[PDB]
Amino acid sequence: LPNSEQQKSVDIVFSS
Amino acid sequence: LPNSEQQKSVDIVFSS
Amino acid sequence: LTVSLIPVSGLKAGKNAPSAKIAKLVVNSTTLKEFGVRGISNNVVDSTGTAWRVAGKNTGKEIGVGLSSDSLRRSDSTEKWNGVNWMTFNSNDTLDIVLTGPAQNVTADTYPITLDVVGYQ
Amino acid sequence: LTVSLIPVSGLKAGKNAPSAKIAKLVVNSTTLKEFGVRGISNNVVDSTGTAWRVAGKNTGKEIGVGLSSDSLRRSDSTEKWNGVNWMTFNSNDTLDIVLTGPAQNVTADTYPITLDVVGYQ
């Protein structure tokens, strides 16, 4: 079902 | 403009 | 489908544990029973798009990310869509994104993580 | 955007010419001036998704496909969308898909070719 496709993105943070 | 994205597909045929 | 991708808090630079969690993927649907998921990057390192490399924004250094071993085992099937392999899972389910493989020494940075999720019936 | 992907006729198994054309990609838009394009497969062989491998349906054998050298030189820019490299071209334009690299000996088969095209302003 190609019309239910989506790209999802987040930033992952590694701290000192 | 992610809402103008599309996947397009065709078959390529190599004959003997 | 409604999707969330939620970062894990408290992540520290340096040697991390093998399979250290870094994000949770939530997928919900009132209509579709299943979803396929692939990682999106310039360097996908396995044939199902379930392991890939991400580069840091400030340093440009790469880490290996992917679905956890346990998440992979919950897969319903692997499908082929236009020739491409897509592992499928039950909708209304969470999956773990981890640092893949053996312990990684991670440089302090922000690392973008991108996935394609698709509905399947 | 309106996209067509049109196979080249008369393709023969055996040794083909270097950069032998196999498909034409047509992209038109009344609103957007540019488009990005990436190949879609389980084996993308360069960092911009402009070279990749496709497997035959009946034999499972792989060929190398990608944008022609000449098509690549018409690119306006390379952009970064969520970390991923996308070469961009003028809309209202055609591009050639070819067998990449040195002469390939191609086994007789049907080979699916899949691309993502996106609009850019």
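Cβ atoms come from the backbone with ideal geometry, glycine included; neighbour counts cover every protein chain shown. Please treat every number below as a calculation from the coordinates, not as lab data.
How big is the equivalent ellipsoid of chain D along its three axes, where each semi-axis is √(5λ) from the Cα gyration tensor, reported in whole Å from largest to smallest?
Each semi-axis is the square root of five times an eigenvalue, giving 26, 15, 13 Å.
Per the helix-only calculation at 222 nm, which mean residue ellipticity applies to the protein assembly as shown, given -39500 (n - 2.57) for every DSSP H run of n ≥ 4 and division by its residues, nearest 500 deg cm²/dmol?
-500 deg cm²/dmol
Using alpha carbons only, how many angstrom separate the centre of region C:64-82 from the centre of region D:70-121?
Taking the Cα centre of region D:70-121 as reference, the centre of region C:64-82 is 28 Å away.
Check each of the trypsin sites (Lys or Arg not before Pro) in region C:51-84 and keep only those in coil by DSSP with at most 16 other C-beta atoms within 10 angstrom; list them in order.
The qualifying sites are C:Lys57, C:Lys61, C:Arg74.
How much of the calculated P(r) for the protein assembly as shown lies past 30 Å, in percent of all Cα pairs?
34
Any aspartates and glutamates with Cα under 14 Å of the C:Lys61 Cα? List them, leaving off those in the same chain fewer than 8 positions away.
Correct list for C:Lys61: C:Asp109.
Given the C-alpha centroids of chain B and chain A, what is the distance between them in whole angstrom?
Rounded to whole Å, the Cα centres lie 24 Å apart.
Under a plain spin-label model, where a point goes 7 Å from the Cα along Cα-to-Cβ, how far apart in nm are D:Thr59 and D:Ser9?
2.4
Scan around C:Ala23 for amide H atoms under 5 Å from its own, H built in the peptide plane at 1.01 Å from N, and keep only partners 5 or more places away or cross-chain.
Those qualifying (amide H under 5 Å, at least 5 residues apart or on another chain) are C:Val8, C:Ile97.
Given points 7 Å out from each Cα along the Cα-Cβ axis, report the C:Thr110 to B:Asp11 separation in nanometres with one decimal.
The answer from the label model is 4.7 nm.
In whole Hz, what ³J(HN,Hα) sequence does region D:44-54 give by Karplus (6.51, -1.76, 1.60; θ = phi - 60°), x for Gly and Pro?
Karplus values, whole Hz, x for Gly and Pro: 8, 9, 9, 6, 10, x, 10, 9, 7, 10, 10.
Which value results for Rg/Rh of region C:10-74 when Rg is the Cα radius of gyration and Rh the Kirkwood radius based on the inverse mean 1/r?
Dividing the radius of gyration by the Kirkwood radius yields 1.00.
Report the FRET efficiency, 1/(1 + (r/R0)^6), for D:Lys24 and D:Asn82, where r is their Cβ-Cβ distance and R0 is 25 Å, rounded to 0.05.
Computed FRET efficiency for D:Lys24 and D:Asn82 comes out at 0.30.
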